[PDB]
Amino acid sequence: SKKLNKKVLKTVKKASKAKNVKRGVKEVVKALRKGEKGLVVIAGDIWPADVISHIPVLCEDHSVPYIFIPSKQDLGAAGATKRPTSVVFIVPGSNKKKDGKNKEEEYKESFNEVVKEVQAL
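Residues numbered from 1 in each chain as written, not as in the entry; some residues may be left out. Heavy atoms only, no water.

As documented in the archive entry, the model was determined using solution NMR.

Under the PDB entry, the name given to the chain is H/ACA ribonucleoprotein complex subunit 2, and the source organism is Saccharomyces cerevisiae. The UniProt entry for the chain carries the following comment under Subunit (literature references left out): "Component of the small nucleolar ribonucleoprotein particles containing H/ACA-type snoRNAs (H/ACA snoRNPs). The protein component of the H/ACA snoRNP contains CBF5, GAR1, NHP2 and NOP10. The complex contains a stable core composed of CBF5 and NOP10, to which GAR1 and NHP2 subsequently bind. Interacts with SHQ1. Interacts with NAF1." According to its UniProt record, the chain has this under Subcellular location: "Nucleus, Nucleolus". (UniProt positions renumbered as here; feature names shortened; annotations may be inferred.)

Enquirer: I tried to follow the side chain of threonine 11 on my own but got confused; where do I start?
Expert: Structurally, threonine 11 can be placed in helix α1 (residues 2-16). Note on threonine 11: relative accessible area 5%, which makes it buried. Non-local contacts of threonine 11, meaning those with residues more than four positions away in its chain, are made with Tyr107, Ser110 and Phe111. (Helix = DSSP H or I, 4+ residues; strand = E, 2+ residues; numbered from the N terminus. Buried < 20%, exposed > 50% of the residue type's maximum accessible area, 1.4 Å probe, protein only. Contact = heavy atoms within 4.5 Å.)

Enquirer: What am I meant to see in the pairing of strand β2 (residues 39-42) here?
Expert: When a strand is regular, its side chains alternate between the sheet's two faces. Both faces of β2 are covered, namely the face carrying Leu39 and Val41 and the face carrying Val40 and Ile42. Sheet analysis places β2 next to strand β4 (residues 87-90), joined by 4 bridges and oriented antiparallel. Considered in β4, the bridge of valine 41 is made with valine 88. Bridging between β2 and strand β3 (residues 66-68) involves 3 bridges; their strand directions are parallel. Residue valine 40 lies in a different strand from β3, and its bridge partner there is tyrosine 66. In terms of handedness, the path from β2 via helix α3 (residues 51-61) over to β3 forms a crossover that is right-handed. (Pairing = 2+ DSSP bridges. Right-handed = clockwise from strand over helix to strand, strands pointing away.)

Listed below in structure tokens is the structure:
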């Protein structure tokens, strides 16, 4: 939980250059229904708190692991946006593209591990 956020920050920060991450309710839901949905990132220091309901709804609907950390700053930076977003999910290529060979493998690796620890806790 302590180092988890860190690993996630660096992971998204790297993959960010590849544009393998998206933000916005329309984005998270778009991938959630499409299938390319990867790892959902939720900021514990961002409003509105709608994310609280969008968390169980998106999971109970499609089921996707996410992380709860007030990294508002990291979110905006990793996303390359003006203001700090609220709901940001990472999209590792695609359903089949998930088996990439590039750095994507590393990023996903750290993500799965982290998203898993938090998902279980």
